[PDB]
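Chain residues, written in single-letter form:
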Amino acid sequence: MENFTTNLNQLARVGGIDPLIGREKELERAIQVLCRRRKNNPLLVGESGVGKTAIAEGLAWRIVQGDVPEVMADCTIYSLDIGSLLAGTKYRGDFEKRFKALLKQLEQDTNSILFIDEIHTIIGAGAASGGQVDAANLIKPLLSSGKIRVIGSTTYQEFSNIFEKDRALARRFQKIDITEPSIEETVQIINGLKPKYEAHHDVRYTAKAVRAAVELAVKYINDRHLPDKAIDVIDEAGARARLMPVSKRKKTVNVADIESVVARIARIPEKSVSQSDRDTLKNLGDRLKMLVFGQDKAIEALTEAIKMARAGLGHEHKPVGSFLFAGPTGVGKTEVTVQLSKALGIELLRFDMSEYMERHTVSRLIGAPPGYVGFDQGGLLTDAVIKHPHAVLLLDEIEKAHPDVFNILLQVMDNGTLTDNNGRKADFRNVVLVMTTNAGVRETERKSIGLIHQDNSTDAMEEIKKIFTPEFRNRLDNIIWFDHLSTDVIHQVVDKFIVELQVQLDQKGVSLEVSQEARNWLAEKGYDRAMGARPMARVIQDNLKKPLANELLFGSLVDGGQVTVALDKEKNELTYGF
Amino acid sequence: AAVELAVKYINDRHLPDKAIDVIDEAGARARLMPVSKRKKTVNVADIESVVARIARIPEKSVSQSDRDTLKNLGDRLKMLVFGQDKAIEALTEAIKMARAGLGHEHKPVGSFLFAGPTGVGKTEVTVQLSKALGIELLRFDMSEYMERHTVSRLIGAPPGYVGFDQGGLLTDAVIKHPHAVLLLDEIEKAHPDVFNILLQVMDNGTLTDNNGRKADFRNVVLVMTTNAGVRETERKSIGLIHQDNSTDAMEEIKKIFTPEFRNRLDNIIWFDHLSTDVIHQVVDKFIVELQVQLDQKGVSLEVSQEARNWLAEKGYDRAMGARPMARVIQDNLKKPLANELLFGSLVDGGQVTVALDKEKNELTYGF
Amino acid sequence: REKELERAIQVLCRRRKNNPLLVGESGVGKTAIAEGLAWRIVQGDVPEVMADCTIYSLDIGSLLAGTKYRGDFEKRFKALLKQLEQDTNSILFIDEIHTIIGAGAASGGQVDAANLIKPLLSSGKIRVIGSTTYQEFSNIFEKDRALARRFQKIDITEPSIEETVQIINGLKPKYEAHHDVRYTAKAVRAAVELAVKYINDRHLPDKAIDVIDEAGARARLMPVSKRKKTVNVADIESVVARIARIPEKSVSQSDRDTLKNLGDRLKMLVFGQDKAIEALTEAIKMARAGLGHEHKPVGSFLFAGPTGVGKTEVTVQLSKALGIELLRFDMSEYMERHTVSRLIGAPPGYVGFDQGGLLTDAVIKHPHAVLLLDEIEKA
Ligand SMILES: Nc1ncnc2c1ncn2[C@@H]1O[C@H](COP(=O)(O)OP(=O)(O)OP(=O)(O)O)[C@@H](O)[C@H]1O
Ligand SMILES: Nc1ncnc2c1ncn2[C@@H]1O[C@H](COP(=O)(O)OP(=O)(O)OP(=O)(O)O)[C@@H](O)[C@H]1O
Ligand SMILES: Nc1ncnc2c1ncn2[C@@H]1O[C@H](COP(=O)(O)OP(=O)(O)OP(=O)(O)O)[C@@H](O)[C@H]1O
Ligand SMILES: Nc1ncnc2c1ncn2[C@@H]1O[C@H](COP(=O)(O)OP(=O)(O)OP(=O)(O)O)[C@@H](O)[C@H]1O
Ligand SMILES: Nc1ncnc2c1ncn2[C@@H]1O[C@H](COP(=O)(O)OP(=O)(O)O)[C@@H](O)[C@H]1O
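Residues numbered from 1 in each chain as written, not as in the entry; some residues may be left out. Chains lettered and ligands numbered in written order. Part of a larger assembly, values for the part shown. Heavy atoms only, no water.

Chain C is annotated in the PDB entry as ATP-dependent Clp protease ATP-binding subunit ClpA from Escherichia coli. As deposited in the PDB, this entry carries the title "ClpA Engaged2 State bound to RepA-GFP (Focused Classification)". Its UniProt record, at the heading Function, says of chain C: "ATP-dependent specificity component of the ClpAP protease. It directs the protease to specific substrates. It has unfoldase activity. The primary function of the ClpA-ClpP complex appears to be the degradation of unfolded or abnormal proteins." Per UniProt, chain C has the following entry under Sequence similarities: "Belongs to the ClpA/ClpB family." (UniProt positions renumbered as here; feature names shortened; annotations may be inferred.)

Per the PDB entry, chain A goes by the name ATP-dependent Clp protease ATP-binding subunit ClpA and belongs to Escherichia coli. As recorded by UniProt, the Function comment attached to chain A reads in full: "ATP-dependent specificity component of the ClpAP protease. It directs the protease to specific substrates. It has unfoldase activity. The primary function of the ClpA-ClpP complex appears to be the degradation of unfolded or abnormal proteins." As its UniProt record puts it under Subunit, chain A is described as follows: "Component of the ClpAP complex composed of six ClpA subunits assembled into a hexameric ring in the presence of ATP, and fourteen ClpP subunits arranged in two heptameric rings. Binds to ClpS."

Trainee: Hey, could you run me through the interface of chain C and chain A in this one?
Mentor: How big an interface is tends to be reported as the loss of accessible area on association of its parts. Counting residues at the interface gives 64 residues for chain C and 72 residues for chain A. For the pairing of chain C and chain A, the buried interface totals around 6,200 Å² over both sides, and the portion due to carbon and sulfur atoms is 52%. Contact with chain A buries surface across chain C, with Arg15, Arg70 and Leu291 of chain C losing the most and accounting together for 15% of the total. At the junction of chain C with chain A, the criterion picks out 16 salt bridges. The partner of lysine 17 of chain C in a salt bridge is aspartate 228 of chain A, with the nearest N and O atoms 2.4 Å apart. For the pair chain C and chain A, the number of links is 30 residue pairs in polar contact. (Contact = heavy atoms within 4.5 Å. Buried area = accessible area lost by both parts, 1.4 Å probe. Salt bridge = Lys/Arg side-chain N within 4 Å of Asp/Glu carboxyl O. Polar contact = N/O pair within 3.5 Å; in protein donor to acceptor, adjacent residues only side chain to side chain.)

Trainee: I'm lost on the packing of aromatic side chains in this one. Help?
Mentor: Geometry of an aromatic ring pair is reported as the spacing of the ring centres plus the angle between the planes. Per the stated rule, a full pass over the model turns up 16 aromatic pairs over all chains. For the ring pair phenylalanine 141 of chain C and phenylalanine 151 of chain C, a centre distance of 5.7 Å and an interplane angle of 75° mean the geometry is edge-to-face. Residue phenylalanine 141 of chain C is found in helix α6 (residues 134-141), and its partner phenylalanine 151 of chain C is found in the loop between α7 (145-149) and β5 (152-155); the two are separated by 10 residues along the sequence. Within the aromatic cluster, the residues linked to one another by ring pairs are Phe159, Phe163 and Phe173 of chain A. A cation over an aromatic ring shows up here: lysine 90 of chain A above the ring of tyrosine 69 of chain C, its NZ or CZ 5.0 Å from the ring centre. Directly above the ring of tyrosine 197 of chain A sits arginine 15 of chain C, whose terminal nitrogen or CZ lies 4.6 Å from the centroid. (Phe/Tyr/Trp six-rings, centres within 6.5 Å; stacked < 30°, edge-to-face > 60°. Helix = DSSP H or I, 4+ residues; strand = E, 2+ residues; numbered from the N terminus. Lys NZ or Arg CZ within 6 Å of the ring centre and 35° of its normal.)

Trainee: Please clarify how the site of ligand 1 should be interpreted in this entry.
Mentor: Not every one of the 18 residues close to ligand 1 is listed here, only the nearest: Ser48, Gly51 and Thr53 of chain A together with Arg149 and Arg150 of chain C. Interatomic distance of 2.3 Å between a backbone N/O atom of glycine 51 of chain A and an oxygen atom of ligand 1. Measuring from an oxygen atom of ligand 1, one finds a side-chain N or O atom of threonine 53 of chain A at 2.4 Å. Taken by itself ligand 1 offers 620 Å² of open surface, and the protein chains cover 95% of this. Of all the secondary structure elements, the ones that give two or more residues to the shell around ligand 1 are α3 (52-65), α10 (183-201) and α12 (226-243) of chain A together with α7 of chain C. (Near = heavy atom within 4 Å. Areas by Shrake-Rupley, 256 points an atom, 1.4 Å probe, with all protein chains shown as cover.)

Trainee: Whenever I open this one, the site of ligand 2 confuses me. Can you help?
Mentor: Residues and elements named next belong to chain A. If you check the shell around ligand 2, you find 17 residues, and the closest are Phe293, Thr329, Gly332, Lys333 and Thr334. With respect to ligand 2, the side chain of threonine 329 contributes an N or O atom lying 2.5 Å from an oxygen atom. Within the side chain of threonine 334, a nitrogen or oxygen atom sits 2.3 Å from an oxygen atom of ligand 2. Bound to the protein, ligand 2 loses 89% of the 630 Å² it would expose on its own. Per-class residue counts for the shell around ligand 2 are eight nonpolar, five polar and four charged. (Nonpolar A, V, L, I, M, F, W, Y, C, P; charged D, E, K, R; others polar.)

Trainee: Explanation requested: the pairing of strand β6 (residues 220-226) of chain B in the structure shown.
Mentor: For a regular strand, the rule is simple: side chains alternate between the two faces of the sheet. All names here are of chain B. Of all seven residues making up β6, seven are buried, and the element is well covered by its neighbours. Where burial is concerned, the two faces of β6 agree: the one with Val220, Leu222, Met224 and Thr226 and the one with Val221, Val223 and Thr225 are both buried. Sheet topology note: the strand β1 (residues 110-115)/β6 ladder contains six bridges and is parallel. Paired with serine 111 across the bridge in β6 is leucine 222. Where strand β3 (residues 180-185) lies against β6, six bridges are found, and the strand directions are parallel. Bridging from a neighbouring strand, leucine 183 pairs with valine 223 of β6. (Buried < 20%, exposed > 50% of the residue type's maximum accessible area, 1.4 Å probe, protein only. Pairing = 2+ DSSP bridges.)

Trainee: Even after reading the chapter, I still don't get the interface of chain B and chain A, so can you show me in this structure?
Mentor: Taken residue by residue, the interface counts 57 residues in chain B and 64 residues in chain A. With both sides pooled, the region where chain B packs onto chain A buries about 5,900 Å², and carbon together with sulfur makes up 48% of that total. It is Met146, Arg153 and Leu342 of chain B that lose the most area in chain B upon contact with chain A, and together they represent 11% of the buried surface on that side. Taken together, the connections running from chain B to chain A amount to nine salt bridges.

Trainee: Is there a simple way to think about the side chain of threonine 186 of chain A in this case?
Mentor: Among the secondary structure elements, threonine 186 of chain A is positioned in helix α10. Of the polar contacts made by the side chain of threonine 186 of chain A, one reaches the backbone oxygen of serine 182 of chain A; its length is 2.8 Å.

Trainee: Where do I start with the sheet that holds β1 of chain B in this structure?
Mentor: Across a sheet, strands are paired by hydrogen bonds formed along the backbone, either parallel or antiparallel in direction. Residue and element names in this part refer to chain B. In spatial order, the strands read β2-β3-β6-β1-β7; together these five strands make up an open sheet with parallel pairing. This sheet does not close on itself; its edge strands, each paired only once, are β2 (136-141) and β7 (267-270). The sheet shows a mean angle of 20° between the axes of neighbouring strands, direction not considered. (Axes fitted to C-alpha atoms, helices over the stretch in contact; angles between N-to-C directions.)

Trainee: I tried to follow the pattern of salt bridges on my own but got confused; where do I start?
Mentor: A side chain with one charge can pair with a side chain of the opposite charge if their charged atoms come near. Within this structure, the stated rule accounts for 94 salt bridges over all chains. One salt bridge connects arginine 36 of chain A with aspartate 24 of chain B, and the closest N-O pair in it is separated by 3.0 Å. Of this pair, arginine 36 of chain A sits in the loop between α2 (24-34) and β2 (42-46) while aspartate 24 of chain B sits in helix α2 (residues 15-32), placing the two residues on different chains. Linking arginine 1 of chain C and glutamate 4 of chain C is a salt bridge whose minimum nitrogen-to-oxygen distance equals 2.7 Å. Judged by relative accessible area, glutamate 4 of chain C falls into the buried class, the value being 14%. Beyond isolated ion pairs, a larger network of salt bridges with shared partners links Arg224, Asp228, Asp232, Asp235, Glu236 and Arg264 of chain A together with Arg14, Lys17 and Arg149 of chain C.

See the structure below:
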């Protein structure tokens, strides 16, 4: 007792314990257990960081304050330091000697309570070249006789996995569940605790700041539990605003600072648009339309979803956007998404649904069940989302995956959460789910038989409905049906590819100019409505790169200069030179 | 009473210690009661309260505030889920029979299978029921359980395997919250082999995880939501007259769920589609939620009545239930609102009025 | 890393659980970030709150060395804890935070360095900086809820191109002193860009610097005839090629000749069907001339025609003439849908998982090769 436990009453007398607020029924039942005749040993079990240790030390704090029923008055709770207890037990019997001496001291006191934090650790305290003769059994007979009182604290998992193993020790304690408090209890706890943090960080918290901290930590941080994550938000806000007086920012911590802390912790695009975040969102449709020609309404839908997200009008809990892009090949379905990722400056999560042809490939997405060979790997999808919570999720050619795999995205779109094999949950509320497919293509490109050609516009939707279950479609933000590229779009695509080729050549230090009629001839040569834009890339490659490759590989353009490409009219041929 | 209740509701210790602990805690409680000198005998009510607090289960509460909570539960839910009253009625009656003590022997509070077209309040009624009771909500998306060997994920890996020390998720959750609402979403999309776990649970209210530990489901409401049988109900027959395909819905459900599984259910509540007035109420609900979102930004909003009617007429889709209304309201309101909140008039200001003209059926905006 | 360093400093000055956790992919610079915080403290490039603070890197080996005689490890650990508590101005840096969840005494196996430290961290008594990769974190560290709760998660993200360029600029003098070689700015930028484009198995601030160091080391092995030189873009290209398997600038050698006479060297082996040799040579030339695709295979060709016309022979001869391996797959063996699992592997939890995929592994082992799909109509 001299130097192995710390007097918690002494701490509360010197203010070393943060004050216990609320927890009325919990502490009342802890006292009730303490007042039993036999096995008066309460065990505080609960989630990690919900106030179990807080309750245990707040009992002694209340004793010092005297706001306790007049049966635990003058009782002194001591926190056991197992670490220092085991320090010098090098020789046989030292541990048992010191432990039993402390035990008989506690027996003689008849007023003290021994609080053992993380009591699940005492299932072994030294069997070094020996048997079960450690503290796990030394403490057993004293509890059953009701001579001493011990308070335990452990999480549900550690309890179930370690403490429940020894039924003899397990039955000597009274399990008490410390549940996570609700909103009002948490904000009141913060109200009672924040004087100390204001003192430590030399700041002031507004009431709205505290309420916002509570609500945001609730709806944005799903890693931890309320009474600790809220005060963590508070502490980090205090520290940040305390580091600001380098420019003499002696002021209160308003709501905006709380949102800064929450966004920097949860890695979310918060803190209201502002600065230029507004400029970037403003001309995003432009920066995309200059790289994706035609199919502008897809860019419109994407930008509207992103703005609604940043404007605070997003969904309560859903991905930023859940889009199904369907249309013929080579019309920019994946390109608009990749360019959106590059424009926003965030991560692109590309997944090739063609690799998920079989039903049993779901385990590749979410991980293998426990006990199996691939358990230690987790799942690819959820791991990627957890690593990059703010990103764009691209699922290429979802019609190629097994029709059953869609049921994962079902829950992902509906709730924005996905649980891997470890019970961990990925947060999809900050991702844009975009799925590309060629579903309605073959049905729209059909030939009517009869004297009257029919309207086949609805056939793309018919095919998509036949492929995707009604509940899967019912969770999509919108289905943007892409149309084929028109000839002016083809000219613009040819120009974009010319710019790409020019960049490639500038890398080699040579310049290229292509006459306008040459561009027109290339467009008229390569245009194929049924195949979109890839034939343009192919024809441009064949017509320009191959002659250019020969010219620069074999001397004529080695460290060359200007490439002179123009079109003649008699043969529709191109010119070349240095 | 101490003996009987410690037997029936404590299953972690052995009888000669269970009863002694019940009696000792009752004595300590009656000894702490006389802070106002109420040194009394231990009545049956005190023993019942002690065991209910030990078993973490609800006691007799026909007088407390939760009696009123149960009194107005059906209405406090009907204000959030419009139509489909029979589901709310069944849920409330099951919760009452459990709380009234006139419950099932050792079964869960209620075992209900919710089936019907998508986009209706099958899962939403469950979320709002968990909120209205203030009890934990355990959500399990059975779509993550397509393979038959994912049962190991539910109940844990057998001893002598890599995933043993983690334990099952379902049993661990129920251990953490013995009084909760258990939501199993899209169970027909899980592997049909998984249904046998639910067989065992529904019949006995108990479940043994990998550690031989038994989870107690007697105080957990079991609600499972499916979209099974919907294809037939909405499938058009060929002929001059269409048939009620509800018989086909029943046939499909029986195809998917073995006879004993259907026998271990409290009821199968067939959710209906949403009517037009129900659509109007849904529009009102979503507009209220949008108004809350805007007030978070400091923007008041007023939407006219005929604008509401026009939104409902534009978004009404019988096949998809209430979900299309979300998109309709989204595009028709949030888009101009997002523009005005980002690079427009509604930056730190509100008073946005939306009204419908009759020449173009368009919306008004602005300060 | 001023943003991340500022986040770390903000975390350290907190009242409770003021223990930042540097989480990031390997090679990103987590250990580098901690030791550079120490370095800037030495140079005073810190806010006054962290000034005059001493960071200690905790060694686990020497801490557990010889800790027989139950209590030796505990006594030693508590002695370290007491020295740090008395210092009141020290931060303990644990390079591998996921490795302190076990400290022997498997009998019982509970009183380890993890449970020994939780009271200190929860009380805000001591400041410790951790570091771990993402998978180690999520599979080893975060499993201990109470320990993960006492640490503040900081994501150390992969830097950008220009950030990498500046990092290499700042690190260059040490590599110069080590190799006695000098780097040109164009060479550094080329190293960064080529490492991004062609090296796929590492992350920027550890693979661009890898190219820099290896170029310096090889140019240090050039003065066997005393070829004293600075590192130009050419050496960088050679280095990045030794991993990408195709040099871009070495084409100024006889590689130009091999390209030029390739069509003929094939025509002497494949008679007729000149169109195929022409197409293949044009594709390979466009690739080697830098005009090829930046994210596509060198060439994707479908050869169709009657039997015995040289469809398979021309590809084998092309592989021979180029000196590259022939990754040969017969699509008649993949006549069934489920056979794709041979090419890509089985999902986790299934019998063939640990084997991997045939095609992907063959490609990874041979980054530069010709892929032949015999009888594709049979798959
Ligand atoms: N009633 C309370 N009053 C004030 N703070 C509380 C209360 N309950 C919890 N806390 C906060 O939680 C922290 C203490 O956590 P607690 O001891 O409850 O969990 P724990 O013992 O750390 O759990 P584990 O052993 O799983 O880590 C304190 O920093 C405090 O801010
Ligand atoms: N609107 C467009 N503007 C510019 N380039 C385009 C456009 N549409 C297609 N492309 C070209 O096509 C390539 C990408 O095509 P994309 O991935 O969009 O096809 P897709 O719609 O996915 O068809 P599939 O799924 O069948 O491949 C780009 O390299 C780009 O040059
Ligand atoms: N009765 C209702 N009242 C109000 N809103 C409803 C109702 N039914 C559904 N909704 C809307 O639908 C959303 C919830 O959908 P839910 O999860 O119930 O779909 P579901 O029944 O699972 O369909 P599926 O299983 O086919 O996906 C809520 O956001 C809510 O706005
Ligand atoms: N901020 C930085 N400035 C310069 N170089 C850095 C920086 N961060 C990392 N590096 C480079 O990375 C190397 C050190 O690796 P670092 O400590 O960053 O990660 P690590 O210790 O390898 O991580 P782990 O411990 O997980 O393996 C150094 O050689 C250095 O060149
Ligand atoms: N055009 C050709 N020139 C020279 N040899 C050829 C030609 N076509 C076929 N052969 C010979 O016939 C054999 C079969 O050629 P291959 O291309 O593999 O046939 P397939 O097209 O059926 O795969 C080869 O070994 C090759 O030597």
